Amino acid sequence: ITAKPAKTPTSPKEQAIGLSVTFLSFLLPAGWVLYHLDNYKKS
Amino acid sequence: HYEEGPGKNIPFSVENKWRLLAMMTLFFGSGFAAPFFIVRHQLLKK
Amino acid sequence: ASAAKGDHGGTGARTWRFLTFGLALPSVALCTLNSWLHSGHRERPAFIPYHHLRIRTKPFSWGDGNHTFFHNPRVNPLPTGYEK
Amino acid sequence: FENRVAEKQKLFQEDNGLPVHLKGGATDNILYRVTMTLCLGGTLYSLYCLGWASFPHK
Amino acid sequence: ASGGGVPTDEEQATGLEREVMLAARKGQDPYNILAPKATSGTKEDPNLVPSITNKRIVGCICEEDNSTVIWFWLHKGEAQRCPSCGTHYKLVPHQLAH
Amino acid sequence: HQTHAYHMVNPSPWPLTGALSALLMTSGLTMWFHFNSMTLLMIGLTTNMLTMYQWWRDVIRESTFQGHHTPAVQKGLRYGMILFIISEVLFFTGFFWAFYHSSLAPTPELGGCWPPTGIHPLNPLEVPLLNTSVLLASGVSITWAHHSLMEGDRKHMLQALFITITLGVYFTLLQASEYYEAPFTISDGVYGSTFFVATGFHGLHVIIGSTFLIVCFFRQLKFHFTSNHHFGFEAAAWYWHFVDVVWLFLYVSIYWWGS
Amino acid sequence: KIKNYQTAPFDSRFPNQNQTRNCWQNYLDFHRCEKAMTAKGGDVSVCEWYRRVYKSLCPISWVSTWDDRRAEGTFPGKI
Amino acid sequence: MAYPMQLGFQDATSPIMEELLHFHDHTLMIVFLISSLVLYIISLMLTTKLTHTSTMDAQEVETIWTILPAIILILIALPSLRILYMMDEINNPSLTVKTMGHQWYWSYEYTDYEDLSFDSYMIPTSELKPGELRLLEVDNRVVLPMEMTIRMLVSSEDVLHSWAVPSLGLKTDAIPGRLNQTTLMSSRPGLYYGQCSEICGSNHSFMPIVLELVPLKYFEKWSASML
Amino acid sequence: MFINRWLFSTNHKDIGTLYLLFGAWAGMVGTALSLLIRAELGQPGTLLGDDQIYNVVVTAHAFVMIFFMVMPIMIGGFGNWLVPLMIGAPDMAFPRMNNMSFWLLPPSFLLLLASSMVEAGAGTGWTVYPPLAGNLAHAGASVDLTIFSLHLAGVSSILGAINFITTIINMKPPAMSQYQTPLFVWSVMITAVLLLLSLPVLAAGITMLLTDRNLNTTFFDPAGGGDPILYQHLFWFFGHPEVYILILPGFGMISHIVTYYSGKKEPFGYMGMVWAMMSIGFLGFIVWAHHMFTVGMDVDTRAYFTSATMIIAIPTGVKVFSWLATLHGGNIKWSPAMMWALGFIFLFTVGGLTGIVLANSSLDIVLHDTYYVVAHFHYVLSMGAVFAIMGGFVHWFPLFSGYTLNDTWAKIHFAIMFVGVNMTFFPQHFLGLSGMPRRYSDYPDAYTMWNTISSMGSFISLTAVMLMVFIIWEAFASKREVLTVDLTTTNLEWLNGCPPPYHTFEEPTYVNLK
Ligand SMILES: CCCCCCCCCCCCCCCCCC(=O)OCC(COC(=O)CCCCCCCCCCCCCCCCC)OC(=O)CCCCCCCCCCCCCCCCC
Ligand SMILES: CCCCCCCCCCCCCCCCCC(=O)OCC(COC(=O)CCCCCCCCCCCCCCCCC)OC(=O)CCCCCCCCCCCCCCCCC
Ligand code: HEA
Ligand code: HEA
Ligand SMILES: CCCCC/C=C\C/C=C\C/C=C\C/C=C\CCCC(=O)O[C@H](COC(=O)CCCCCCCCCCCCCCCCC)COP(=O)(O)OCCN
Ligand SMILES: CCCCC/C=C\C/C=C\C/C=C\C/C=C\CCCC(=O)O[C@H](COC(=O)CCCCCCCCCCCCCCCCC)COP(=O)(O)OCCN
Ligand SMILES: CCCCCC/C=C\CCCCCCCCCC(=O)O[C@H](COC(=O)CCCCCCCCCCCCCCC)COP(=O)(O)OC[C@@H](O)CO
Ligand SMILES: CCCCCC/C=C\CCCCCCCCCC(=O)O[C@H](COC(=O)CCCCCCCCCCCCCCC)COP(=O)(O)OC[C@@H](O)CO
Ligand SMILES: CCCCCC/C=C\CCCCCCCCCC(=O)O[C@H](COC(=O)CCCCCCCCCCCCCCC)COP(=O)(O)OC[C@@H](O)CO
Ligand SMILES: CCCCCCCCCCO[C@@H]1OC(CO)[C@@H](O[C@H]2O[C@@H](CO)[C@@H](O)[C@H](O)[C@@H]2O)[C@H](O)[C@H]1O
Ligand SMILES: C[C@H](CCC(=O)O)[C@H]1CC[C@@H]2[C@H]3[C@H](O)C[C@@H]4C[C@@H](O)CC[C@]4(C)[C@@H]3C[C@@H](O)[C@@]21C
Ligand SMILES: C[C@H](CCC(=O)O)[C@H]1CC[C@H]2[C@@H]3[C@H](O)C[C@@H]4C[C@H](O)CC[C@]4(C)[C@H]3C[C@H](O)[C@]12C
Ligand SMILES: C[C@H](CCC(=O)O)[C@H]1CC[C@H]2[C@@H]3[C@H](O)C[C@@H]4C[C@H](O)CC[C@]4(C)[C@H]3C[C@H](O)[C@]12C
Ligand code: CUA
Ligand SMILES: [Cu+2]
Ligand SMILES: [Mg+2]
Ligand code: NA
Ligand SMILES: [Zn+2]
């Protein structure tokens, strides 16, 4: 498949930001719940 | 009638890659987080 | 089978109307005669609290939770027996 | 009765750009709004009910 | 025993249903209900492909019973050949609706 | 302009209101069964009736009034209805499987026999036989109605169709009375369970089928059908025959062999 | 007499994994025999085999429930 | 029981379990052979610059890849079915023991002669004696005589459970209102473990089975003493 | 305009898009649930609580992955997008009913989430067997909300099946016979036929569970003369066809992907592929009791189900060898989609083979309800179905969006997922052979090593899922518009450009009858 160059190029810095934000969106909420597991188990 | 072409045949906007990142983060993040919060809900009832 | 009649030279509206009034409705009239003859309320059987009948694992979502949907006092006993 | 299908065909083929579910007239609009209001309202109510049933009333 | 009172398609069919019905009566197929019969497909006797625009997708079943259909856009102008078997097709544009 | 014969349907709100009505009915049943309230259920049944009314009204508008039902569109609707009926047959098959499973190997709790100890089955030669003649008769009258329509006979089409509907209603009334008179209930073990759930779903289909026929009766009164294009009536008739065949299986299996 | 029983032997009438009817049949048989003997003026010792078999096969709670029901008059089996 | 880092089946305690081990070795060889053959062929197809993209004829090579697998299936089915029928063979037991599944423990009944019955619960982890296995020990074991054909009848008094003892090749579902039969025969004395094998609620993971196989003489004294 | 387009749609592409979005979201939920499962089993002891909360998680994981992720993506997503394009049809036969099939899913999903919110959830296993699922052992609304969720998903799929079958039979060009349609179209029709016949039986069965729970019927209650085993028969009569429903569209996409990246104009042995899918579809209805080998059935019945089950290996084998034969002599393009397809071929074969081990009722006595079964089905589902979905997604993403993905990132995503799934499931074979039961929140100490390694592998898979989200974002963020696509002469779905216009085939294709 051939394609044209990116209309709005995503630089390495921009990709690090998107990857970091993506990983954090998954890891933070679950991490919070898992961390407070004991506080939940008996309360 | 409707808009056609790349980035126009979808229910979400891709005009701004950062606003898009926020949307995708909420979309996929809410899905992944739901089970953890339901588990938390079940633990905090009894 | 082939029934005991005949036509078949061309089954059309006239033939099906012939069958409706000459066979179908008369059959319904006969069964209606037979039924509204052999009816008559049969003497309800003695009540025996069998454990496989009058099941109640959860109360019904209507009335007092103990009566079936189309409960007939005359013929349907409650788990404790016929009603007053 | 008399055959009035042609009258109905004229009404529904009238080039007014209306989608078929609203092309009959003002009543279609009313019926639609009633339907959608009961649907959306009833859904909000079901969400409320779920919120209620989600918690123990000891 | 008998009588009337039920409309016929001739009296009551409308819209596209009526168009297909009347076209079929004149032996025409404006709504592509039938499969076109192939010509010899040579340079001199190409398959004539009707179209209401200046290009139409052609699907060529090269040999009878082939499971693979060869697809390509046929453009207005000089006849084009199937990429697989070489049979000729030529677009014959417009009209349908008078 | 399109140059094919298929129907591109106008964007519609009915699929959404239909889906939401399903949520309201199931949520409603749950509320009723566990939180003693029928409010949600009432709303669900209402929006569901509204959705069906408008959706099918639009199908009539699209066909009878706008002419979108070309032969190709009609052919698709034929396959659709046949497929729908097949899925209904399989649904009933599950209930017949349950019936035969229980009745062919009666467990000790029933007395190890069928019908179970304490169960006094209805006489299949009484109302159940009458019900059988009623549905079979309606199968003949609906065939008369079909032929009358094809032959362009308005009066006799209406007459035959009216007779078919009256018979469906008669069956429904007879069944309702049989339910009330039955000495056994849905709570009387697996006998009452299989009996009422199977005949109950069948009765529901009879009501649906009768309603479909009534729709046809009124569409006919309004001259919607031509002697050659009347799929709504054909579908109603196929569905009606299905309802008839399911009954014959219920009669032979549950009322007769299972007594 | 003719006994010296270890456990219920293979019964060709119930050769499969589901043994529910084997237990049930022998329970019925014992109580039918016991009723015949106690009735016509005879001895229940002839009913012994059935008693041993059903006792060996039947879950205690089943026998217990069936006994309670025969007493209550709600036993669905024919005896 | 299973030991740390175990790869295959627990060692066979009964002749039937030995039979299954050999049948599994037989089948696993076929599984290894076919899966590696497929992996190999994938790599073969992907490792050449030579090409042939024109139409390839199929009605010739399809015979091979229809007949071969058919033959292989038969080579698996034969010993499979032989073992299946062997497990169904009439054997005539010397003893009949019943086990009832319950929401979270098993009860046993030895009612051939005396009316002996008891409950069997998992030993809580906090109460395990040194050297005892977590989640596997029970207060009252199922003492049974070794080298003897025993008939086990399985049922349940509430939800479904499943009575299993891997080392003996046993697993019989415990269904309320049903009496399932299986036969047990240990070639050796010892302790043999199993666990409830049908989801039954809150403590499904904690209602183990422990069989204690001893000589007939000890089984009899134990029976008397357990009255 | 937004509401008219996205809530009132009658367009097959837009509806397919809604399905892909729904399925992607469901996949996130299903992944989270699978992590909760593996976190609980990651080390000896109890993490969350007892088997109830644990099994509510296991049950939901299964329902979500099957009904909300796999089916919606494969059938509703790829099916709606590709089927009309592949036969040159202007849309589906019933474009409005098609929209209801979609809109029934969110409500269905809401009922599933509701069931886990109220009471103590439904910790029954996705099979929902009574008496555990009955009103005594699972009192309260949970199980009833689960049944209703299944009802809605069932109606959605049944109407979807009617739509697909009608569209495929009735809307092809007049000259195109059924033996001239692409293999993906064939896979979808066969899948639709299985859905049409199997779901009504499940509906019958769960309705009987609902009445036993609420109307005092006793279909499955011995006290009223019922039988718990009857439920199992009705469920599995649907259940086995269901697993073939989950893999068939996958087989279809694999045929297209392998053919495409082998630089071939057609798959090897087309008629043999059609024959194989139809045989598989047929055989899939007469083998259900292999899910009941320990319930106490007659030996002859067990001998039959063992034999009938094995036969499926023959037609499935013809497909595997035909895919390899399609690769043969090809100008191989090592694209990310081809990698997913190659992994599919091998891993599905492994899972299929362990299924043949399980077909033997003798051996199944010892393997049933153990992790050997879990290993088998995750190889065919988490590696088979999922790899076909990933392959199809990367392959067709440019068609659906008009943008290209970054191939290097997509190859990285495949590598991570490959290691993750194999580390997660391979050790489960050992746990199964050695006796670890299914649906356990904790296990005897001897099982610690393999459970530890398996849970670590599940975290590797989580990393791949997060990366996937980023990859999709990068594609939409960079906006590299597609220009040219090769092999359009044998891949009609690409002939109208990327993305194709809202309305395609307004003027149908021209195909001579000759
Ligand atoms: C649940 C939704 C999350 C909310 C987040 C949205 C916030 C809106 C702010 C609002 C701010 C205004 C901004 C407006 C424009 C852009 C945002 C958008 O329009 O807003 C909404 C749009 C767009 O969606 C988004 O917003 C971003 C999605 C980005 C997706 C990228 C997907 C990449 C994968 C490729 C897919 C195929 C495309 C490729 C091919 C290209 C297509 C041809 O959606 C839809 O209108 C339809 C989707 C319906 C259903 C999908 C799954 C839902 C399941 C729910 C069941 C719950 C049960 C209970 C569950 C209850 C929880 C406990
Ligand atoms: C991560 C797990 C770590 C486990 C380490 C094992 C420790 C050994 C102690 C070393 C200690 C040695 C002493 C132990 C002997 C006891 C033998 C026995 O009685 O117990 C018998 C058991 C034990 O199994 C064995 O007799 C060992 C076989 C090991 C095969 C390993 C393949 C590893 C591939 C690498 C990544 C996995 C994913 C690949 C996918 C393969 C799919 C199965 O048999 C089984 O049922 C397990 C396997 C079941 C099903 C898989 C069938 C398909 C295999 C496909 C092969 C592809 C090869 C291509 C090459 C693969 C290229 C990808
Ligand atoms: C995508 C889903 C999927 C698919 C396609 C399959 C396919 C198969 N399954 Fe599996 N299965 C499941 C999903 C799937 N399964 C699930 C979810 C369960 C558990 C349900 C639960 O309890 O929750 C399960 C359970 C399960 C059991 C029950 C085990 C138990 O509970 O004790 C059995 C029993 O026989 C089985 C068998 C098979 C077989 C023989 C195939 C066959 O179709 C495989 C055929 C393929 C091959 C054999 C490989 C390719 C062939 C060759 C390379 C040719 C040469 C081969 C030979 C000569 C052998 N499966
Ligand atoms: C399609 C079905 C499916 C899938 C994919 C999976 C995936 C996974 N499952 Fe599975 N699982 C089941 C179906 C599935 N499972 C079923 C049926 C059961 C039995 C339930 C019962 O016993 O009742 C079960 C049971 C089960 C158990 C046994 C529980 C027990 O017995 O106690 C375990 C244990 O490890 C487990 C783990 C996992 C893990 C770690 C994954 C991981 O591999 C998951 C990794 C993430 C993905 C592969 C999802 C990616 C896909 C998307 C996110 C879509 C992306 C979007 C687009 C491309 C548009 N599962
Ligand atoms: C008159 C003949 C026509 C039959 C139907 C007419 C009226 C009843 C209302 C709805 C029936 C629709 C379907 C059948 C569902 C359950 C069986 C009902 C059959 C019936 O009507 O059975 C009655 C029981 O009523 C009961 O519980 C009824 C209680 C009503 C509760 C309805 C509960 C609905 C459960 C719905 C689940 C629907 C799932 C459908 C899934 C479809 C596929 C997804 C019998 O009465 P009884 O007093 O026990 O015995 C008579 C003694 N004199
Ligand atoms: C509690 C029950 C309620 C449920 C009832 C269910 C359905 C019934 C509802 C309505 C049915 C009755 C009439 C319908 C309405 C209008 C009919 C008028 C048409 C008419 O009079 O038709 C005539 C037929 O006779 C006719 O009706 C005759 C019709 C009557 C037939 C049945 C009577 C039976 C008589 C006894 C015979 C039994 C002997 C058995 C013989 C063996 C059978 C093989 C023929 O005439 P024409 O000159 O060719 O036609 C000119 C155009 N109209
Ligand atoms: C028709 C196809 C070709 C025929 C080949 C065989 C395949 C199906 C056969 C269908 C009819 C079989 C009926 C014969 C009855 C004999 C078996 C019997 O007697 O089985 C009974 C139940 O059968 C039952 O409901 C049986 C009820 C149905 C179960 C079979 C499932 C198929 C049904 C769906 C098919 C869809 C087709 C659509 C129809 C229009 C009871 O259970 P047992 O196990 O006996 O328990 C006895 C124990 O106490 C001791 O062990
Ligand atoms: C008090 C009772 C309430 C109970 C709830 C259900 C209530 C009623 C269900 C009855 C359904 C009535 C259906 C009305 C359909 C009218 C639209 C119609 O019939 O539309 C026709 C097309 O068929 C079409 O789509 C055919 C459409 C097929 C619909 C049939 C489906 C039945 C629905 C069953 C739903 C429940 C399932 C069972 C539960 C377990 C229009 O084409 P023609 O007739 O050729 O006209 C054109 C000519 O005029 C040209 O000259
Ligand atoms: C309470 C417990 C669970 C409750 C679940 C309730 C779920 C949904 C309830 C609300 C749905 C009702 C709304 C009416 C649906 C009518 C669909 C219909 O009639 O669809 C038709 C197609 O199906 C055809 O014909 C033939 C097929 C007709 C199907 C009729 C739809 C009935 C829905 C219920 C089906 C149940 C499944 C049965 C198996 C057990 C028409 O297709 P369209 O795309 O519209 O138009 C195409 C145009 O060319 C027509 O001019
Ligand atoms: C299976 C899916 C999950 C995979 C594992 C998740 C990967 C780790 C994600 C990190 O997330 C967090 O980490 C914390 C600690 O590192 C928390 O802080 C917490 O802990 C603290 C530091 O000890 C405090 O500063 C705050 O009060 C606090 O809530 C926290 O809330 C949570 O967001
Ligand atoms: C009015 C109409 C004649 C045709 C027309 O509309 O012009 C007549 C002809 C046949 C119909 C009738 C049929 O004879 C069948 C029915 C018989 C009657 O006992 C009651 C009304 C009955 C339900 C019908 C009412 C009547 O008004 C109809 C509808
Ligand atoms: C006859 C039919 C279609 C041929 C065609 O019209 O092109 C072909 C397609 C697939 C063929 C089958 C498959 O190739 C699988 C089998 C292969 C063996 O070589 C013979 C029987 C076998 C079962 C084949 C019989 C027959 O030749 C089939 C069924
Ligand atoms: C499993 C099902 C019964 C389900 C139920 O108990 O409700 C029964 C009904 C009929 C049985 C089949 C028929 O009796 C015919 C066959 C008889 C053979 O002895 C075994 C296979 C055989 C093909 C049977 C397999 C299985 O036991 C079937 C399919
Ligand atoms: Cu008892 Cu699991
Ligand atoms: Cu299966
Ligand atoms: Mg099990
Ligand atoms: Na744990
Ligand atoms: Zn050609």
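Every chain's residues are listed with numbers counted from 1 in the order the sequence is written; these need not match the entry, and residues without coordinates are not shown. As they are written, the chains are lettered A onward and the ligands numbered 1 onward, keeping that order. Any value quoted here refers to the chains shown, not to the larger assembly they are part of. Only hydrogens and water are set aside when side-chain values are computed; all heavy atoms of the structure are taken into account.

1. Structural notes on the state of the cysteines
All names here are of chain G.
1) Next: The definition used for a disulfide is geometric: two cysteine sulfur atoms within 2.5 Å. In total, this model carries 2 disulfides over all chains according to the counting rule given.
2) Next: Between the sulfur of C23 and that of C58 lies a disulfide, 2.0 Å long from S to S. The sign of the S-S torsion, about 115°, decides the handedness of the disulfide formed by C23 and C58: right-handed. With a gap of 35 residues between them, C23 in helix α1 (residues 20-40) and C58 in the loop between α2 (48-57) and α3 (60-72) connect regions that are remote in the sequence. Here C23 matches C58 in class, with each residue buried.
3) Next: Each sulfur of the disulfide joining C33 and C47 lies 2.1 Å from the other. In this structure the cystine formed by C33 and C47 twists about its S-S bond by roughly -85°; its chirality is therefore left-handed. Here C33, found in helix α1, pairs with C47, found in the loop between α1 and α2; they are 14 residues apart in sequence, far enough to count as distant. Secondary structure follows DSSP: runs of H or I at least 4 residues long count as helices, runs of E at least 2 residues long count as strands, and numbering of each begins at the N terminus. Throughout, exposure labels follow a simple rule: accessible area from a 1.4 Å probe, protein chains only, divided by the maximum for the residue type, with under 20% read as buried, over 50% as exposed, and the rest as partly exposed.

2. Section: the site of ligand 11
1) Next: Proximity criterion: a residue is near a molecule or strand once any of its heavy atoms comes within 4 Å of it. All residues in the neighbourhood of ligand 11 are listed as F1 of chain D together with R154, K155, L158, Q159, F162, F217 and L221 of chain F.
2) Next: Neighbouring residues of ligand 11 are not confined to one chain but are distributed across chains D and F.
3) Next: Whenever two N or O atoms come within 3.5 Å, that pair is a polar contact, provided that in protein one can donate a hydrogen and the other can accept it, and provided that, for residues adjacent in sequence, both atoms are side-chain atoms. In the environment of ligand 11, an oxygen atom lies 3.2 Å from a nitrogen or oxygen atom belonging to the backbone of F1 of chain D.
4) Next: Take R154 of chain F: an N or O atom from its side chain is 3.0 Å from an oxygen atom of ligand 11.
5) Next: Method for areas: the Shrake-Rupley scheme with a 1.4 Å probe, in which residue coverage is limited to the protein chains shown. Here ligand 11, which alone exposes 580 Å², has 51% of that area covered by the protein.
6) Next: For the shell around ligand 11, the secondary-structure elements that each account for two or more residues are α5 (154-181) and α6 (189-221) of chain F.

3. Let's talk about the arrangement of the chains
1) Next: No other pair of the 20 pairs of chains in contact has as many contacts as chains H and I.
2) Next: For the non-touching pair chain B and chain G, the nearest C-alpha separation works out to 34 Å.
3) Next: Between chain C and chain H there is no contact; the minimum C-alpha to C-alpha separation amounts to 13 Å. Throughout, a contact is declared for two residues whenever any of their heavy atoms are within 4.5 Å.

4. Quick notes on the interface of chain I and chain H
1) Next: If you look at the interface, chain I gives 85 residues, while chain H gives 77 residues.
2) Next: Definition used for salt bridges: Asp or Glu carboxyl oxygen within 4 Å of a side-chain nitrogen of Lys or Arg. The interface formed by chain I and chain H includes 4 salt bridges.
3) Next: When the shortest N-O distance is used, the salt bridge between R439 of chain I and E198 of chain H registers 4.0 Å.
4) Next: Within the residue set of the side of chain I that touches chain H, elements represented by two or more residues are α3 (51-86), α8 (228-261), α10 (299-311), α11 (313-327), α12 (336-359), α13 (361-367), α16 (427-433) and α17 (448-478) of chain I.
5) Next: Sort the elements by how many residues they give to the side of chain I that touches chain H and α11 of chain I lands first, with 9 residues.

5. Quick notes on the interface of chain D and chain E
1) Next: Residue-level contacts link 4 residues of chain D with 4 residues of chain E.
2) Next: Two parts placed together each lose some accessible area; with a 1.4 Å probe, that loss summed over both constitutes the buried area. Considering only the side of chain D, the residues that lose the most area to chain E are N3, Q9 and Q13 of chain D, jointly responsible for 83% of the buried surface there.
3) Next: Applying the counting rule to chain D against chain E returns 0 salt bridges.
4) Next: Counting every contact that joins chain D to chain E gives 3 residue pairs in polar contact.

6. Remarks on the coordination of the sodium ion (ligand 17)
Residue and element names in this part refer to chain I.
1) Next: Only nitrogen, oxygen and sulfur atoms within 2.8 Å of the metal, or 3.2 Å for Na, K and Ca, are treated as donors, and water is left out, so sites may look incomplete. At this site the sodium ion (ligand 17) is bound by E40 (O), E40 (OE), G45 (O) and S441 (O), with donor distances of 2.4 to 2.5 Å.
2) Next: Linear spacing of the donor residues for the sodium ion (ligand 17) on their chain is E-x4-G-x395-S. One end of the pair, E40, is in helix α2 (residues 12-40); the other, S441, is in the loop between α16 and α17, and 401 residues separate them in sequence.
3) Next: For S441, a relative accessible area of 1% puts it in the buried group.

7. Section: the coordination of the zinc ion (ligand 18)
Residue and element names in this part refer to chain E.
1) Next: At the metal site, the zinc ion (ligand 18) is ligated by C60 (SG), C62 (SG), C82 (SG) and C85 (SG), and these contacts range over 2.2 to 2.3 Å.
2) Next: Geometry is assigned from the angles between donors: four donors with all angles from 85 to 135 degrees make a tetrahedral site, four or six donors whose opposite pairs exceed 155 degrees while the rest stay between 65 and 115 make square planar or octahedral sites respectively, and everything else is labelled irregular. Coordination at the zinc ion (ligand 18) is tetrahedral, judged from the 4 donor atoms that bind it and the angles of 103 to 118° they form at the metal.
3) Next: Written as a sequence motif, the donor arrangement for the zinc ion (ligand 18) is C-x1-C-x19-C-x2-C. You can see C60 sitting in strand β2 (residues 55-60) and its partner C85 sitting in the loop between β4 (80-81) and β5 (88-93), a full 25 residues away along the chain.
4) Next: The class for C85 is partly exposed, based on a relative accessible area of 33%.

8. Structural notes on the nonpolar core
1) Next: Core analysis: the largest hydrophobic core is formed by 335 residues, its most contacted members being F233 of chain F together with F67, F78 and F109 of chain I.
2) Next: If sequence neighbours within four positions are ignored, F233 of chain F has contacts with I142, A145, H146, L149, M157, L161, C216 and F225 of chain F.
3) Next: The next biggest cluster of nonpolar side chains, apart from the first, holds 34 residues, and it includes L144, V165, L170 and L184 of chain H. Nonpolar cores were defined as sets of buried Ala, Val, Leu, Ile, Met, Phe, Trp, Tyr and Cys residues, with membership established by side-chain atoms within 4.5 Å.

9. Some remarks on a nonpolar patch on the surface
1) Next: Each patch is assembled from residues with relative accessible area greater than 30% and no salt bridge, linking like charges that lie within 9 Å and nonpolar side chains (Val, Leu, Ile, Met, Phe, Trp, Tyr) that lie within 5 Å. Taken together, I64, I67, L68, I71, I74, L75 and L78 of chain H make up a surface patch of nonpolar side chains, about 640 Å² in accessible area.
2) Next: The topology assignment puts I67 of chain H in helix α2 (residues 61-88).

10. Considering the domain arrangement of chain H
All names here are of chain H.
1) Next: According to the domain assignment, chain H consists of domain 1 (2-91) and domain 2 (92-227).
2) Next: Domain extents, as shown, originate in an automatic or database domain assignment. A C-alpha centroid distance of 35 Å is found between domain 1 and domain 2.
3) Next: In this assembly, 10 residues from domain 1 lie in contact with 13 residues from domain 2.
4) Next: Across the interface of domain 1 and domain 2, roughly 980 Å² is buried in total on both sides, 44% from carbon and sulfur atoms.

11. Here's the deal with the environment of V46 of chain G
1) Next: Along the chain, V46 of chain G turns up in the loop between α1 and α2.
2) Next: In contact with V46 of chain G, not counting residues within four places along its chain, are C33 and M37 of chain G.

12. Points about the sheet that holds strand β10 (residues 208-214) of chain H
Residues and elements named next belong to chain H.
1) Next: The 3 strands lie next to each other as β4-β10-β9, forming an open sheet whose pairing is mixed. With one partner strand each, in any of the chains shown, β4 (142-145) and β9 (190-195) form the two edges of the open sheet. Taken over all neighbouring pairs, the strand axes of this sheet differ in orientation by 25° on average, direction set aside.
2) Next: Being paired, for any two strands, means DSSP has found at least two bridges between them. In the sheet, β9 pairs with β10 via 6 bridges, with the strands oriented antiparallel. Note that in β10 the partner of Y192 across the bridge is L211.
3) Next: Across the sheet, helix α3 (residues 216-225) touches β4 and β10, and the angle it forms with β4 is around 140°. A fitted line through C-alpha atoms serves as each axis, taken over the contacting stretch for helices, and the angle formed by two N-to-C directions is quoted from 0 to 180°.

13. Looking at the pairing of strand β7 (residues 170-174) of chain H
Residue and element names in this part refer to chain H.
1) Next: Where burial is concerned, most of β7 is hidden: 5 out of the 5 residues are buried.
2) Next: The alternating pattern of β7 places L170, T172 and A174 and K171 and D173 on opposite faces, both of which are buried.
3) Next: Two elements, strand β6 (residues 161-165) and β7, share 5 bridges in a ladder whose sense is antiparallel. Bridge pairing in β7 places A164 opposite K171.

14. Some words on the pattern of salt bridges
1) Next: In total, this model carries 30 salt bridges over all chains according to the counting rule given.
2) Next: In this structure, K7 of chain A and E481 of chain I form a salt bridge, with 2.8 Å as the shortest nitrogen-oxygen distance. A residue pair is termed interchain when its members come from two chains, as with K7 of chain A in the loop between β1 (2-3) and α1 (12-35) and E481 of chain I in the loop between α17 and β1 (482-484).
3) Next: The class of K7 of chain A is exposed, set by a relative accessible area of 51%.
4) Next: On the accessibility criterion, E481 of chain I (12% relative accessible area) is buried.

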